[PDB]
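Okay, so we've got the same protein chain twice, two forms, each given alone as structure tokens, structure 1 and structure 2.
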Structure 1
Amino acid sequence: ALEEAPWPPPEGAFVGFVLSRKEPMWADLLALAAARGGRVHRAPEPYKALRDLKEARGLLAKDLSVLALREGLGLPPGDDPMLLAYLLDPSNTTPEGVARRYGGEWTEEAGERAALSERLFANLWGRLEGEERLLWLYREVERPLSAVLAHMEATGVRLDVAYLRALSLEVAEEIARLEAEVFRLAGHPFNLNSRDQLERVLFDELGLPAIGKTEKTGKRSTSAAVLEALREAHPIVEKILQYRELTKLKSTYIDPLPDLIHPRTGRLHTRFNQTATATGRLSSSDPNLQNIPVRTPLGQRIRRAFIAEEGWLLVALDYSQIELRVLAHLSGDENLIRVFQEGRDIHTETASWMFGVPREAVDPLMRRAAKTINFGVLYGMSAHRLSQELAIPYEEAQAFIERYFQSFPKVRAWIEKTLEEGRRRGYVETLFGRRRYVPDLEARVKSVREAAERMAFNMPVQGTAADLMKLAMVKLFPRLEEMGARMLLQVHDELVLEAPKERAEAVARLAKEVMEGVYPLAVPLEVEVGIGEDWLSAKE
């Protein structure tokens, strides 16, 4: 029972706030409160009251900071109990769960949320004293990163709306061509979007063989992998795959994105979720801008809609072979280090092998295929699936996986070391000490145990790569502000920046150097950088 104290709060108080909706860029600030020294200060008018705060300190601090930036207020986020809980155990992803776990209840009242922020911070800070590596990640990465993400979210990205509107109409007509052809081949119309109705057509009405079953309900699958296997069993299959591609892209990007342009900014605003993944990666939502298409011709057309403001340029930076380089460092494999000290490209070399092509003629689509193979095999792909992936007998695909691992013997050794440690202490960890708890490593069901093992030894690699990118963003942001440039998007190992046209080149050089020297490893980090008027053009 905190004393009902009057607004303003004293410096350092913990804030609580209620939004009309989860998206800070779209939300109405319904309520604002603060708690400190056994007092609760409830703001009579939330929006005006924002101006009395000098930092957003409490649960979901970034969300409030984004809203303040929207209102032209430079209110940076500070301490956030979610970030403490997430570093302790990244299964701590929601304020509902964190509260129940560390001493409170996540209600819908700013005052209670402010008092909750205060309580949880005390407890969680107590849990994190002595954990000096986690404390370092909090002070030097997550807490400062939240400020960076807040500016990214409030800045947004420009989108060629009219372009996408015109594209929709073009795609609609092609979808009609494909579905009409499907219906003719089926002999009747049906909901081609309903995979249950398609299942009957393909496997009951048509006589096509079923390849596999779905996980939870055991229906005959109609996934792309299955349809690929049936490309020649019937002409309908090809048109179903093309229908799937177009409707996926139209329904997920072409049509939704133009309606999400913010009225005040005229730009598109994602959310970068900071306590959402088991490995330390960020995620992006509402809308997700970390999964904008690129693979197919139409996907590329969609990516072209992401453009720079008039007088500016996009700068796209992407770490080269990042998790392979991270692997070299964690494992210490002398042979894998040599690969990168010699400037070799394993994705291109697998691509050249997969397609029987010299590296000069490996097109980007080939290299993408090689990356699924290379990382698929690394993190535990079966001989069987690989043989089916490469349209190749089981003997060879089985041998590719032995060649692969034989040339880097210290990898399996690191895998085995990582797993034993996880079994013993109950968690695996990144280069910087970010932890993931994987209790199923001692499961008595092999399928469950081996699944947990693949999650366990992936996490140090993926999570270290995520740590490096986070640290680079923290280092790079103030340098960009100095140059009048903007950080717009992060896509796991890629940053998209926006720079004035006359400083774009300078920004690209600087950003590349910051990313490559973020934290020297036993192998060099290389960063591919491009500049263009649109996101596609800026990645070569």
Structure 2
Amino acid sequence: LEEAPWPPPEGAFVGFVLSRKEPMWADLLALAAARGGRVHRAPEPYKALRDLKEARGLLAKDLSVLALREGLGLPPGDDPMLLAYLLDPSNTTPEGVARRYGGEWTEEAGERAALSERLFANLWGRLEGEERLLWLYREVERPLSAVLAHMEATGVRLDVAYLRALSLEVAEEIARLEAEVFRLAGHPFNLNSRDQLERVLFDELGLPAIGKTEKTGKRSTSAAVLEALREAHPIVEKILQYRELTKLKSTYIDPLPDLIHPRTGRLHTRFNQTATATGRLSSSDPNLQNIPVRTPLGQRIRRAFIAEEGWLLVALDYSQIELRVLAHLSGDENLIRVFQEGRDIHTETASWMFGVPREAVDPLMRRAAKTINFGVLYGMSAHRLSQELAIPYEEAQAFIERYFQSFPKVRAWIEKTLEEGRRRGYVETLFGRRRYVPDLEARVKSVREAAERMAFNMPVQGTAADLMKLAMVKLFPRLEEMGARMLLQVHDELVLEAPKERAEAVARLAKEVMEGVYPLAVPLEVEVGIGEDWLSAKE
């Protein structure tokens, strides 16, 4: 409350105002610090950064990232957002956390510093009692924020000249597709407008509508509808292709080259640390956790992500991670037995599906099986199965049934997990990360059963996220020792960059750290690839 001259005493909390939300791109407008009942406003923010030992307060990682951009090794420390998010993962914004735990998120640095201190006191008290949440804070989230700050500030190289050239190629293909669509429709229209497309497909052409949209009840034109309609009229396939090319061009090919930072010549995402219900990170501005890889054009975009000249990318991927976690949480003996004997479930399902042997399973088979074991696992109705393979029932009941007959303890674990969630109001990961799911007790079946699929999924997806975050915290100092860089995390994958002659040693070490992160009832196995670009590194 009392104005004191900059600089603040050790241990102060910082408030700061940025000209924009992305710290790699922002001007530091103001900087203050609060300790006891004094607030210190720095006359020259940038200068003032130099006097700090660490960035401590709301959104600390943001300031640390900016400091790193200016060549200061200023790490983030305590952040009330991380405390709030461990207490309840619905705590995602400083606005929400302040309203809930005792202040108001304003636009003034001194008020943000004082808010940071107050909220930290109140949240610390709430979190002190909780051994496992405290453990997650001090051993996972708080150090992870320093790791993320360095990843953000470091960035990842992009082959711009390559993408500009790809843009023109795809633009000309898009022209061929839309002209062909307009010819079949008998007139031009805005093919990007799904309202205009709806009228053309179902009113002008005689195509049958298959589904309706959720909020406004229009006849849907989604890929799923179109796919069911593909053999009904030639325009449909053209539209599917048009949709793919314009999606990839508008979201990746065109924007990415314009996001290259002028000082680094790289792409700098944001790793949002308090943004998901399950404990996963999210990525934005740009999102680098959803770069294409599935289709041919998608792979071509993936190739644009490259190593520094003289370095290589190293991509590490936990194998069947959520199934391994499921084996451990449930203690199902058959499941555990599959991984203990180095077997592959996705492969075996692909086998089963395509009428093929284990030894023969195109990777496209596997990828198809992947979202089927996960789909089924997480409450996919026998119904929607029908429209993944073919004719039910008992072809779908007995598929979802054989699935659970194989691993009976899983059903038990699910019911057990739901029951505890109803009584306690929350579920939790292996490490005690929790998610409150109040709708487990809803008296409307569709709402309640949606709640249930969210609830029993969280311990599985959340444990895998705990495991990866813990692996990042352990791995990071080893990397800097070896002169390598951690660049990206994509949920259960890590992408590193290393000097060519160190690349294999780094891969090898990183793989071992990730597999031994926290021994379970089943081994964790990590596939690793090395390449000059992200695509070739994932093999």
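Heads up, when I say rigid core I mean the largest set of C-alphas that superpose within 1.5 Å between the two forms. Counting starts at 1 with the first residue of structure 1 and goes up one by one along its sequence.
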| query | finding |
| --- | --- |
| Position with Cα shift of 2 Å or more, rigid core superposed between structure 1 and structure 2, options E132, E215, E232, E395 | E395 |
| Threshold 2 Å Cα movement between structure 1 and structure 2 at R359, rigid core reference | yes |
| Once the two forms are fitted on their core, CA shift of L30 between structure 1 and structure 2 in Å | 0.5 |
| Cα shift between structure 1 and structure 2 at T350, which is computed once both forms share a superposed rigid core (Å) | 1.0 |
